[PDB]
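Student: Protein chains in written order, with the authors' numbering: chain C, 26 to 121; chain C', 26 to 121; chain A, 1 to 219; chain A', 1 to 219; chain B, 1 to 212; chain B', 1 to 106. A prime marks a further copy of an entry chain. Just so you know, even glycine gets a beta-carbon here, dropped at the ideal spot from N, CA and C.
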Amino acid sequence: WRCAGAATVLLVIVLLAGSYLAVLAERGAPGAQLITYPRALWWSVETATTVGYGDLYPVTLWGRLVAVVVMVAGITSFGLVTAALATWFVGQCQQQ
Amino acid sequence: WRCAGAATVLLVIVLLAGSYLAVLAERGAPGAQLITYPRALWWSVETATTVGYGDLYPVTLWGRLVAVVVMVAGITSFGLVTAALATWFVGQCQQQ
Amino acid sequence: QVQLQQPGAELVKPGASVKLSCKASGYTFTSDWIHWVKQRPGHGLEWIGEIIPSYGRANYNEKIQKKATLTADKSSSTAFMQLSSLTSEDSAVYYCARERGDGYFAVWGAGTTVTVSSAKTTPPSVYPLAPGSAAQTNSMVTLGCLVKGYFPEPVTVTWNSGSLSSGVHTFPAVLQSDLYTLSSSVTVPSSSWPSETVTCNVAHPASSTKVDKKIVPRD
Amino acid sequence: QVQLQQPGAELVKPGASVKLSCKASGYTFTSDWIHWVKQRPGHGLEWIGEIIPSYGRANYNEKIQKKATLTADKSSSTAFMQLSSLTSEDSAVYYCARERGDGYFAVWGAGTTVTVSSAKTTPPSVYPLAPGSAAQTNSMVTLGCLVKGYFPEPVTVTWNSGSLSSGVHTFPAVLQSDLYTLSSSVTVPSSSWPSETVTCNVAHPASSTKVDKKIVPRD
Amino acid sequence: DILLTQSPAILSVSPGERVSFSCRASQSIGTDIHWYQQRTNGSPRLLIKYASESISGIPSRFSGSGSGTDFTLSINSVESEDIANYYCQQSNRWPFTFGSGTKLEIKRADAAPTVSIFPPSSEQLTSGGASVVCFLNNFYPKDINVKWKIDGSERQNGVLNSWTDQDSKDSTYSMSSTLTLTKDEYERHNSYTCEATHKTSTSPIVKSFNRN
Amino acid sequence: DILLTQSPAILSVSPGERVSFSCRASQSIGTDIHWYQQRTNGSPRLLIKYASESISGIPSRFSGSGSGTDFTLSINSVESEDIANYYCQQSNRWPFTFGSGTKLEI
Ligand SMILES: [K+]
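1. Take the Cβ of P63 (chain C) as the centre, count every other Cβ of all protein chains shown within 10 Å, and call the residue buried at 16 or more, exposed below.
2. Does any CB atom of chain A' fall closer than 9 Å to the CB of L49 (chain C')?
3. Residues of the segment 124-141 of chain B with a CB closer than 9 Å to any CB of chain A: list them in chain order, please.
4. Tell me, please, which residues DSSP counts as bridged to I33 (chain B).
5. Rounded to the nearest angstrom, what separates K213 (chain A') and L164 (chain A') at their Cα positions?
6. Would you kindly work out how many angstroms separate the C-alpha atoms of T97 (chain B) and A110 (chain A'), rounded to a whole number?
7. Specify the secondary structure class of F29 (chain A') as computed by DSSP and reduced to three states.
8. What residues from chain B' crowd round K210 (chain A), counting only those whose CB sits closer than 9 Å?
9. Using 9 Å as the threshold, is the C-beta distance between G149 (chain A) and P131 (chain A) below it?
10. Can you tell me the Cα-Cα spacing of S195 (chain A) and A79 (chain A), whole angstroms?
11. Can you give me the start and stop residues for the beta strand (DSSP E) that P128 (chain A') sits inside?
12. Using 9 Å as the limit for Cβ to Cβ distance, is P83 (chain C') near chain B'?
13. Alpha carbons only, please: which of B:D151, B:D165 and B:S22 is nearest the one belonging to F71 (chain B)?
14. Please list the partners that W193 (chain A) has in chain B, where partner means a Cβ-to-Cβ separation under 9 Å.
15. DSSP state of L36 (chain C), grouped into three classes?
16. To the nearest angstrom, how far is the alpha carbon of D73 (chain A) from that of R18 (chain B')?
17. Roughly how many whole angstroms lie between the Cα atoms of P141 (chain B) and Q166 (chain B)?
18. Please list the terminal residues of the continuous beta strand (DSSP E) segment that includes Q82 (chain A').
19. Since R40 (chain A) contacts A92 (chain A) with CB under 8 Å, what's their CB separation in whole angstroms?
20. In chain order, what residues of the same chain have a beta carbon less than 8 Å from the beta carbon of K120 (chain A'), not counting five sequence neighbours either side?
21. In the structure shown, what three-state DSSP assignment does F103 (chain C) receive?
22. Of all the residues that make up the segment 9-35 of chain B', which are near chain C by a beta-carbon distance shorter than 9 Å?
23. Residue range of the alpha helix (DSSP H) that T122 (chain A) falls in?
24. Does the beta-carbon of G66 (chain B') have 16 or more other beta-carbons within 10 angstroms, so that it is buried, or is it exposed?
25. Sort B:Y87, B:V13 and B:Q38 by Cα distance to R24 (chain B) and report the nearest one.
26. Let's see if you can read the secondary structure: which residues bound the beta strand (DSSP E) around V188 (chain A')?
27. Exposed or buried, what is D90 (chain A) when buried is set at 16 or more other beta-carbons lying within 10 Å of its beta-carbon?
28. Which residue or residues does DSSP assign as beta-bridge partners of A42 (chain C)?
29. Have a look at the DSSP bridge pairing and note the partners of residue 220 (chain A).
30. Would you verify that the beta carbon of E50 (chain A) is, or is not, closer than 9 Å to some beta carbon of chain B'?
31. When the cut-off is 9 Å and only beta carbons count, does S91 (chain B') lie next to chain C?
32. Can you check which of these residues, B':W94, B':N41, B':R93 and B':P59, is closest to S77 (chain B') by C-alpha distance?
33. Does the Cβ of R93 (chain B') have 16 or more other Cβ atoms within 10 Å, making it buried, or fewer, making it exposed?
34. Tell me whether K67 (chain A) sits in a helix, a strand or coil according to DSSP, three-state version.
35. With three or more beta-carbon pairs closer than 8 Å as the criterion, would you say the segment 24-44 of chain A' touches the segment 167-183 of chain A?
36. Where does residue 224 (chain A') sit, in a helix, a strand or coil, going by DSSP?
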């Protein structure tokens, strides 16, 4: 429970940093749709969760490098929050 | 730590090989967008991470067979780097 | 208060350079981008470039000639634009706008009227326009003042320091021998004038001159 | 140095075959693709096919007639194209270009002027064009040389082995009875000629002939 | 590069009715369009953000709509202070692009101009210059012609005319006619006259003054 | 098969002013367009890569722009050595296609 809350804080820091760095990298490329923070934060969630909606994605080199940072840090930190909430529900099954 | 670095090297070898083989297989199909290495390397990352941006994908038989190789080898090797970095963060929780 | 401050005008010779300022005030965040919009006389708004002062990175319009350099100083909260090698095609009003990173330009500046010409800065000459001695007086009396022979644009004409806003017209200037000339009309009730004082306030930021002139009836 | 080398010209009879070469030099990687671009006289660039020498796989233009065969030899770093069963519609300049796998053609060749005709290879005939004895001399004197009766195209005409590049015109050839004829003009200061030697250098790669001719004033 | 085509460029409206400004995009941009208002000698003022979301302080008569490629800015019952130039701007793809703009014209009732003639000032006569200013304020429509007469004969040389845009207070127009002369030529004549010829009366409105 | 339509085909320009070459694509290709220069009896020389990125050695008077379907090659103040044929080429989809070309007249 104490470690699960830490992984949540790590995930939020990746999302805010990944959203800010994506806008900073994509602005300047003709045709980039990842140019505002409110939806770049939504893109960082799509990346961390790998939900695959395919509506926003980076088109630049650094914007894709920022995505790789959000991929490695996001999928890992989200997998921890997923596994932590999975063990919590497992304990609720034995309690019944 | 020693085994985690090996899975990273395996992943990079799959990405470079999967990027080179995708361009070699997709070039020759009218309408293929996976025809240059810089973005075929970005496609191989999308495949290994299953992020699901849906902007580049193969359209040929072998290019899809190369994708299956990148799927089996990439998702596995990336799941190891994800689980390894997940256990590292778990050890940082007990240390606090 | 004024969130974004800009100088009045900037006169430059064809081929020279100039540094336009955009002083900010109020709330400032790290997600704030400063933009610049060019508007030529009689034309629409044209995006020039953007810059995020918290990082120092700036982007420019790739579809037009890149004649600007966007800089920023976080200490004074003032963004700059270096318009170099200017020609007649660069005489426009350059607005700066603040973007909260969400896309739109919520707050704008006042615009800097940049003129590119070899002529010299000429302060205006204000003259009172009082009605003639044989002019009939109805319930309303129309007064005016003549702003003649100034360069470059623009001039800000106000009556009674802004307290006389209704019934006031300021006609566009007409260029004559590299010298502009416009006129400003004010209509007050004849019961108020000349019992109540009226005075026009003409400003010229290109010469840093601001002159007043009371409208006194003819002796 | 020249990164991609190509022969000058290739004359073939209607219905024959030819093997165009593209010798490479300098940096070579495994991600390098060799392309071929056809340009007919008076027409634009036309993509023909690509090949990656490190693997041996080649792709061709499916929208036009597939009359080429792309091969490559990694030892000599030379790519080949087998143009078989050629007709009048195949008389074009075939450029080869190197692609780093990133899409664009960074470095190009010189182009091989392939002509399909039943005529025979005729070396050119160079004649000096000195001014007449009654020709007036100003600050500049215009000299020339006549390249007549050669086949097929092209010819490379240089003055003083390239050191006289300014004030030099080489008019396009005109076809006359299956024999081309053009002229090259050079203008040097009259103070330099004939005190300083001038000489045209006409080359004909279809006959592997390269002839010089000094411009001496008439006796 | 998104091409925001605004059509029409001028919108002639009767007061009190509903009007719509159209702004078409070169491709589908979702609802990432924004509307700005710029009056005469003013700065662009944000009206609508994200197609329909209103801005605090803007009157709710301004209503936005549209998605994809077609967008609409609507003013339910127009008024005089709405006479301005309206620009749409997209933020869906970089770079941000604006629209060609649309000017709002109001078709009010016809009005007669208030003619006011002014002899040259003493501060100007004592310096060589002499300019007779004749104001023609608050008239509609903008079609009008002024004529300068000197001692009964028509004068044309030295007449400068300056028309304002449609007034953002009463939907009228205004015109200033300035006749510039010399200190001598002004003091070699007596009566100076500017005659306003508008469609509100077959007989012109005459304002004169005698120098002597 | 991407159809890169270049219009106009001949561009008559006065010296010292800015000129623009238009190159429209049959469909959206992103910024995967490239610009080449070929003079009389010469080989195509790469000017701009990826819509706007410049090439080393090419004078910075050549500026590129455009994304999606419309693309623009701009020469700020033209000069005599710019008289050539300019071709745009896409690399977004296979096969690579060129444009009809545009000649620069001064
Ligand atoms: K998807």
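Tutor: Looking at the atomic coordinates:
1. exposed
2. Among the CB atoms of chain A', one or more fall inside 9 Å of the CB of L49 (chain C').
3. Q124, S127, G129, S131, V133, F135, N137 and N138
4. B:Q90
5. Cα to Cα, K213 (chain A') sits roughly 14 Å from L164 (chain A').
6. 43 Å
7. Reduced to three states, the DSSP call for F29 (chain A') is coil.
8. Those do not exist, as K210 (chain A) stays about 39 Å from chain B' at its closest Cβ, beyond 9 Å.
9. no
10. 48 Å
11. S125 to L129
12. no
13. B:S22
14. Per Cβ cutoff of 9 Å: no residues; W193 (chain A) is ~13 Å from chain B at best.
15. helix
16. 33 Å
17. 10 Å
18. Note, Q82 (chain A'): beta strand (DSSP E), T78 to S84.
19. 4 Å
20. Within the same chain, and ignoring the five residues on either side of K120 (chain A') in sequence, the residues whose Cβ sits closer than 8 Å to its Cβ are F151.
21. helix
22. So the close ones are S28, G30 and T31.
23. Here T122 (chain A) belongs to no alpha helix (DSSP H), and DSSP marks it neither H nor E.
24. buried
25. B:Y87
26. Its beta strand (DSSP E) spans residues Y180 to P189.
27. buried
28. Paired residues: none, contrary to the question.
29. Since the displayed chain A opens at 1 and closes at 219, residue 220 (chain A) lies outside it and no answer follows.
30. no
31. no
32. B':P59
33. buried
34. coil
35. The segment 24-44 of chain A' vs the segment 167-183 of chain A: no contact.
36. It is not possible to answer for residue 224 (chain A'), since the shown part of chain A' is limited to 1 through 219.
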